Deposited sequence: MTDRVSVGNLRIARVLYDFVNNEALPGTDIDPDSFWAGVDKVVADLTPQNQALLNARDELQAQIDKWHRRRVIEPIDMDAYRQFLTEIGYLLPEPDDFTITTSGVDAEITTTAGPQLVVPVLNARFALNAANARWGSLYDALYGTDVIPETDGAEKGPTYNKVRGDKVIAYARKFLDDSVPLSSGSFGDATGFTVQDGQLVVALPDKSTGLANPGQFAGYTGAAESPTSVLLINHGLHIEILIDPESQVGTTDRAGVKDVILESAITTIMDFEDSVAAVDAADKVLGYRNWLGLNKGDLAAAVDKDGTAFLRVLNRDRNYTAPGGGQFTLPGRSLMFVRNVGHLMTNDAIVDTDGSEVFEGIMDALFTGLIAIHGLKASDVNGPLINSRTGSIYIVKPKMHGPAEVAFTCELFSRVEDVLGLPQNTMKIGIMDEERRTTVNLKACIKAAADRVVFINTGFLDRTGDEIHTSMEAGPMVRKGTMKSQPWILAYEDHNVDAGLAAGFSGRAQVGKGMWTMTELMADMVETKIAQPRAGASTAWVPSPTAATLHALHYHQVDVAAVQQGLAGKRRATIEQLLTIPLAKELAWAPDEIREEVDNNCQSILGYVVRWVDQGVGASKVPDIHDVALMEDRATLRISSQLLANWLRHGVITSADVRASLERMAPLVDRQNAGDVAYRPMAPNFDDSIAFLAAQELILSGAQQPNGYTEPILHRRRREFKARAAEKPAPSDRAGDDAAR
């Protein structure tokens, strides 16, 4: 066929050529040696990869059977002893501190937003990489953070009343963040630098900063600067001065904009936010990841670092780019980009580590300017969907082997651990320990975690509704426990403690109001879906001193094993019939809305309107939750298969309507069983209870491959 033979492997030609012609040159790795390494690593580690997956299934079968033989509110003591007997719940290791070294300041020290985007989308990826600095005025004027009340609405052209509120909001932020010795930024008439100090002119007098150490730099003439640079909680704030701009001309000090350092780090995602089901899809992804690391990805282009004058008069530079992670896929899936002699597909996680690692070498050297990514010499890989410490140890050993193939020093490849599976949650300390010399973050992937919570306890009884899950005891303990485990392993000053994604892309007023809870909880980072959201979330890190919060949480134990293990079962007679229908409609709409873009267009993340037409930006995990929740309700007789059918039928034309204005869209209604997308949605629900750990990829990949093959002829 069209495959290349390397030992026991048969590699898709498009992948082979991409790696030879694009990825390898410039790395000084012998191509022959790389490919022999691919074959050897695959041969050596494939058996334990499979053994790990079989172990998952064996644990789940035992738990399924534990619930099925029980009639009695759970006896927690018994349930725990049981989880311990079967090896689900492992002993907690002794106290230790992580030793991870060679890590950039953005990760060890800086608290701020972390932006996650689909690596298949070059535009979004480039915009994300450039999102290290963002316009606060654009983010305020462009969103509902400033209410679109009467008089202040957005029109075809600039609205002065709204622009003045934007200005006012920012002046208030400045007062909160970098206070003057007296007076307010609201009344400033000019900025100058005198004797290395910022001098702010007010109408009656002049003043300096209450804390002059927050003055970081400036641009232009000291006596008439074009910008002033400030710093607060490790994050930079830049005031752009330009009275001959449309906004500056209206401004009392001629201020044009306030630029915030926003997306400090970015995760280029090969997993839940993309649809990649074969060699062609992987290659598009890998090529974008290459372009980012070489610095030559073009839609526009990547930003250079930013030049400043130091307060005393010297020159310095700040990074213009978000420091990049890459999120590889997890342990489950195989991909036909490589098959062995028997025709069996190779594990995709093993592939990603080899290829994303190889590609990452370019980000460690000069872009044909300075090197794009890690100055300290690390490669930052996020590893999702791991269950427990043996799976973390496997990932570390995988990275160890790749480092040898690639000629990198041991521990170059760092690991961002997603805590998004129950067996990792209740063994978190051991998971950190297994990666104690590689770990650069832990992060509560709460959506996947919810899916796994449902599947794990599928046989226990009917679960609460989807929108109820976020406030359940188990998840709130899970969030606290994650922070506690990180801090106790010495993450403060060493590694990020991260929390999850804000998915409501149009609800920015709400994000600003509520997401402050995450750095208040000691999270040094949290996820956002867009550069705009990164800029707004940045506000929270100026309001909250994360380093102090973490110092104050030290030694505390806020969650017990019992709370972590509290299954979210619905109480007796929880729902009226209309509330049941509403939940069914909600979940069917969520599934259909997501799956139609996934199967038909190969889109894994996008702005999808929900049932109430709220715009959501979720990844594949939302599908895992909804499919598992409906499977769980069907399993326990809350709804019937005809209820499911009827809701899918009702929701499909609505999804069809919601996708008007999509050039390539093809309706699901009314020819339902003509639509592969529709059949996928149905299959995800009806086979949901039988998917390993509730995972949606096996069905989703098959259906997308089916769609591609039909579209070919």
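Counting from residue 1 of the deposited sequence, the stretches lacking C-alpha coordinates in this chain are 1, 74, 302-311, 381-382, 728-741.
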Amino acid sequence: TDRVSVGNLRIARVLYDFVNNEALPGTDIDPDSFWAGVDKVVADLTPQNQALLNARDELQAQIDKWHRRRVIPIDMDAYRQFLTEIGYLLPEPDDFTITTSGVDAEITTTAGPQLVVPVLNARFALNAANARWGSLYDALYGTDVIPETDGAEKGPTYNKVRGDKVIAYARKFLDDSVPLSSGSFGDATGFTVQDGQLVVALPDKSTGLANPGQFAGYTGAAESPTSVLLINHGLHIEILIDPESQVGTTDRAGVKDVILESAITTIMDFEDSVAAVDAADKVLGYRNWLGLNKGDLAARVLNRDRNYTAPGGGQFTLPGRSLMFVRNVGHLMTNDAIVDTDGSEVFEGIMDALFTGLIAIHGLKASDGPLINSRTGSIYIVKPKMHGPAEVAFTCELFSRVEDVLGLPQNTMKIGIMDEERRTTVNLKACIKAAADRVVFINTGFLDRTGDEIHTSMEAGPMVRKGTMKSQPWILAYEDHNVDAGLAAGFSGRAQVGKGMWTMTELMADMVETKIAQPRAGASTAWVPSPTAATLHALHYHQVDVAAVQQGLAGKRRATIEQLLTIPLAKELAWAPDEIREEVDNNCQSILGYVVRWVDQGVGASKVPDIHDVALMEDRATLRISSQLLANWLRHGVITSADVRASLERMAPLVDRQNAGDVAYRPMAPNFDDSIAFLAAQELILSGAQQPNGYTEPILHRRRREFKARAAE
From here on, numbers count along this sequence of modelled residues.
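Looking at the other PDB entries for this protein, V655 is present in the model in all of those that include the residues around it, rather than absent from a third. Looking at the other PDB entries for this protein, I74 is absent from the model in a third or more of those that include the residues around it.
The stretch 571-579 shows the higher mean C-alpha B-factor when 571-579 is compared against 592-600 in the entry. Comparing the deposited coordinates for 186-194 and 349-357, the stretch with the larger average C-alpha B-factor is 186-194. As recorded in the PDB entry, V200 shows the highest C-alpha B-factor of the residues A517, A533, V200, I417. Highest CA B-factor among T450, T265, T157, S626, as stated in the entry: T157. Among all modelled residues in this chain, the alpha-carbon of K466 has a temperature factor (C-alpha) in the middle third.
Per the deposited record, the Cα B-factor of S687 falls in the lowest third when ranked against the other modelled residues of its chain. The deposited CA B-factor of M501 belongs to the lowest third of values across its chain.
Sort the chain's modelled residues by C-alpha temperature factor and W289 lands in the lowest third, per the entry. Annotation for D204: C-alpha temperature factor in the highest third relative to the rest of the modelled chain, per the entry.
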